[PDB]
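Reviewing the structure listed below.
Residue numbers (the deposited numbering), protein chains in the order written: chain A, 1 to 288; chain K, 1 to 288; chain J, 1 to 288; chain I, 1 to 288.
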């Protein structure tokens, strides 16, 4: 009765680590569906373009999908060209780049998680590195191999190469291991950069830990109370407009906030410790 | 009791991304039914027409089906020839093309999702590119092949070609990889164009984010309250007409809105920030 | 309790697209039962008649079945020869052809859906095109074939033809692909004609979108209220007639509408915007 | 609770098309039991009689079974020889043939549905057409066959014929396809005749669509109210007769309708628009 409610406190408080763990399980299961069912490397001069598109084109699609599902990217830009100075204010002219950096860094998580699982399953790199045709990086792969390594390297994936197939089986192990080292150098350097920018944003905060915990509680249910006020004032307005249409009556006046009050409550909020307001709707009510 | 109600808030708020994800799962499962069960490429001079019809004719059918299921295409055109100046108003003469651009762009989503899954499963392009018979684009496919590649290329799908079947197996890999590169160039450029026009429509909006959130709440249940008023005034009218038919009585008068009020409430709505009305039914009640 | 009621709103509002999707699933499953279990092509001079009857005779039966199940075809014709001028009125003498065009076009949907699934499964066309015996259209099928293609083409379905069975297997692929191109040319041109006549009927309507939505709500439950009035006046009439038969009594009079009022309420309804009546029963009550 | 009641309206309104679809499913499943388990063609001079009895004798039995289960054939004939002029009235002397045509045409549906499924499964026609022994119709089957087709055709079903069994396998395909063409010519011409006589009976009706819908509602529950009056007056009569037998009492009189009133209420009903009566029991109560 209340024991199951006691463990739903544990699955709602740690909700930012279940969401990032369900994103990793979807990225792993989607890469194994592309490499098994759809990917089959040719053995042509189009090896470089074919393997480098299966690596970077699903990363470009996941980046654009992060801009659609980000709710604070639409709060920033909706109605921008009416007056752009409400997004570029006079006191804090560089807060627009701080907010825009947060949308960009938050939507760069699922692209990086794609590039790491695709490099730890080294089939896309093996196809792309075969057709390299470069002066450097070709002596490193073919070091103690016969002389037909510099011409027929791009056929090592499909088989069907006349250079003694115990040599072909160890050229597919030297390329499958170069990709898995790059897959760990990307996980290790993106985890360190992610902690270094989160720790810098908290160390440079204007409030301490206890006031920031109240600020997050207020902003969470200013959103819930705003959905119930919109849903209450729109039932009273639609009931008024329908009775005066069918009965041909003149309506009683309906008081709504003006246009200057709607646009002032939609600005960008920056904290000031002299007068502590926790939203921009809190600020226009207290100041008038 | 209320825990399952708490997660139906999560499956009703994100309803525009479950609908677009269920459309992609139906398009993938329908392309695998056509390519496995029905598609079998001939090896004739009709290769070009056969493969290019299985690509573009299910895209033409899905485009017409998007015009039928679009509710705002019927609100725009019903009763057009009575007076066309209610669709071409005097102040905003170019809003008719802005609305018509929204029906066209919204119904172009399922055609593009068909053309991408059909190109990532490269059977329709392999049949169509075989019978090309062009001066260009035929030297690119047959580069280091024997001289019977320029005459018997259209038989490479069915087998039964006398050009050493290790050469036929790598002409089917060079065409199956050219189609999968075009399948990713279409997903990447349609995702970028879809974000560029949505961001331009929000940046050029007349209202800010908070007033647009109230406008969407009002328009959603002006539709629910209109279905309950129509259902209430049609029960009272059918009860009146049936008692005066069987009993041979003369009826009491039933007040309804006139024809000039029905047609004025069906016009096209454009926001004005001087007098803020949230529908065209709100405007004819307040103005008279 | 009310959550399942909330999704039955979604399965009752979109009821005209579940009915047309269940008709397509029955037509596909019925064509696979005829082509697998019953159809087996002979190899005689009766190839043309045998395959062209399995194509067009189930389309003729589905057209006649659409006239039986159309409720508005019986409302138009019942009691026609009593006075034909109630179906050919004086003001609108061409509305009879507009209504008769709607019964004909609505019952032509299941014949066209039969002819498309039968042509996309190319067994009926392969049997019928084999026995063509025409000067044209026989050189197009036999282009680079031996000279026994002009005489023994009608045996290519059954096998047992002495023209090198790798040639017989590619004459069955050139005919199975000509039928699937015609199956897509019929789906594409019937979808475009279906949208062009629906859009012309809405653009030429006498009322706008909002008045047409009330008109459909009234006509739906004038039918429900008429079934409850007939069921109420027939219980009171059968109770009266049975008590005066067994007890040998004389009955009290039972007031019913006259014959001139029954026939005037059964005419064909055309909207007029000067006096807006939503049925022909609404018109004879208000006018007398 | 009421949702399942809402769909039983759909399975009771369309009750005349579920009954005709369950008759077709029983006729198909009964023909496959006769042709698989019981039918085995001899190869004698009795081929013509054996196959033509399995075709027409189950059609004769299904026709007689339609006269037993027709309730309006017993209402017409019961008590005929008491006075035949109540079935041959003076004003409408040709209504007796119109009613008798309705019993005959309604009971001719299951015979025609037997003859069509038996001809679409061409085993009964193949046995019967083999032993034809006619001057015509024997040159059409044996056109380009050896000379032992005119003498040993009746053995082609059982096998065991010395005319090169690739010729016997294509004489069994030319007869199995002649029967399936006749099976579609019977379905197509009986569907067209069934619509042509129903449309002529409705176009020549005395009442319009709305008065005919009330007439069908009254006749349906004059039958239900008559079963409850018979069941109520027979409980009161059997209680009276049993108390006066065991107690040796004299009974109180029980008023019943006379013999002239029982026979007048059992006549044949024809509508008159001058005095509109909806049954013959309605007419003898109002007229006396």
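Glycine included, each C-beta is placed from N, C-alpha and C at the ideal position.
- When the Cα atoms are used, residue 177 of chain K and residue 122 of chain K turn out to be separated by approximately 8 Å.
- Assignment of beta strand (DSSP E) within the segment 242-272 of chain I, counting only whole runs of 3 or more residues, yields no such run.
- For residue 195 of chain K, no Cβ of chain J is located within less than 8 Å of the residue's own Cβ.
- Residue 281 of chain J sits close to residue 245 of chain K, with the two beta carbons spaced by under 8 Å.
- At a cut-off of 8 Å, the C-beta of residue 206 of chain J has a neighbouring C-beta in chain K.
- Neighbourhood of residue 98 of chain J in chain K, by CB distance below 9 Å: empty, with the nearest CB roughly 16 Å away.
- Take residue 103 of chain I, set aside five residues on each side of it, and the residues of its chain with a beta-carbon closer than 6 Å to its own are 70, 73, in chain order.
- Ranking K/94, K/75, K/111 by CA distance to the CA of residue 27 of chain K puts K/111 first.
- For the segment 151-179 of chain J, the set of positions with a beta-carbon nearer than 8 Å to some beta-carbon of chain I reads 158, 160 in chain order.
- DSSP places residue 232 of chain I in the helix class (H, G or I) of the three-state scheme.
- For residue 286 of chain I, the uninterrupted alpha helix (DSSP H) run begins and ends at 280-287, by DSSP.
- Residues of chain I with a Cβ closer than 9 Å to the Cβ of residue 79 of chain J are, in chain order, 202, 203, 204, 205, 206, 207, 208, 209, 211, 212.
- In the structure shown, residue 275 of chain I adopts coil according to DSSP, grouped into three states.
- A direct Cα-to-Cα measurement between residue 91 of chain I and residue 239 of chain J gives close to 30 Å.
- Across the segment 253-277 of chain K, CB contacts with chain A closer than 9 Å involve 255, 256, 257, 258, 261, 265, 273, 274, 276, in sequence order along the chain.
- Membership of residue 203 of chain I in the alpha helix (DSSP H) is indicated by the continuous run 168-203.
- Look at residue 42 of chain I here: in three-state DSSP terms it is coil, with no helix or strand label.
- In this structure residue 129 of chain J does not touch residue 148 of chain J by the C-beta definition: roughly 18 Å separates them, more than the 8 Å allowed.
- Neighbourhood of residue 225 of chain K in chain A, by CB distance below 7 Å: 238, 239, 242, in chain order.
- Your pair residue 224 of chain I and residue 172 of chain I does not check out as a contact, with CB atoms roughly 57 Å apart and the cut at 8 Å.
- Here the C-alpha atom of residue 153 of chain J lies approximately 11 Å from the C-alpha atom of residue 45 of chain J.
- Separation of residue 81 of chain I and residue 52 of chain I (C-alpha to C-alpha, rounded to the nearest whole angstrom) is 39 Å.
- Non-local C-beta neighbours of residue 88 of chain K in its own chain, meaning closer than 8 Å and more than five positions away in sequence, comprise 96, ordered along the chain.
- Residue nearest to residue 207 of chain A within the set A/237, A/270, A/168 is A/270 (criterion: CA-CA distance).
- Between the beta-carbon of residue 79 of chain K and that of residue 278 of chain J there is about 16 Å, and that puts the pair past the 8 Å contact cut.
- The DSSP assignment places complete alpha helix (DSSP H) segments of no fewer than 4 residues inside the segment 41-117 of chain A at 47-68, 71-77, 95-106, in order along the chain.
- At a cut-off of 8 Å between C-beta atoms, residue 41 of chain J does not count as an interface residue with respect to chain K.
- Excluding five sequence positions before and after residue 254 of chain J, the CB atoms of its chain that fall closer than 7 Å to its own CB belong to 237, 240, given in chain order.
- When C-beta atoms of the segment 196-206 of chain I are compared with those of the segment 211-222 of chain J, fewer than three pairs fall below 8 Å, so the two segments do not count as touching.
- In the displayed model, residue 6 of chain K falls within a helix according to three-state DSSP.
- A distance below 6 Å between beta-carbons, with the five flanking residues on each side excluded, links residue 158 of chain K to the following residues of its chain, in chain order: 43.
- Residue 216 of chain I carries a helical assignment under DSSP once its states are collapsed to helix, strand and coil.
- In the three-state scheme derived from DSSP, where H, G and I count as helix and E and B as strand, residue 26 of chain A is classed as helix.
- With a beta-carbon spacing of about 6 Å, residue 191 of chain I and residue 61 of chain J fall inside the 8 Å limit used to define contacts.
- Around the CB of residue 14 of chain J, fewer than 16 other CB atoms lie within 10 Å, so the residue is classed as exposed.
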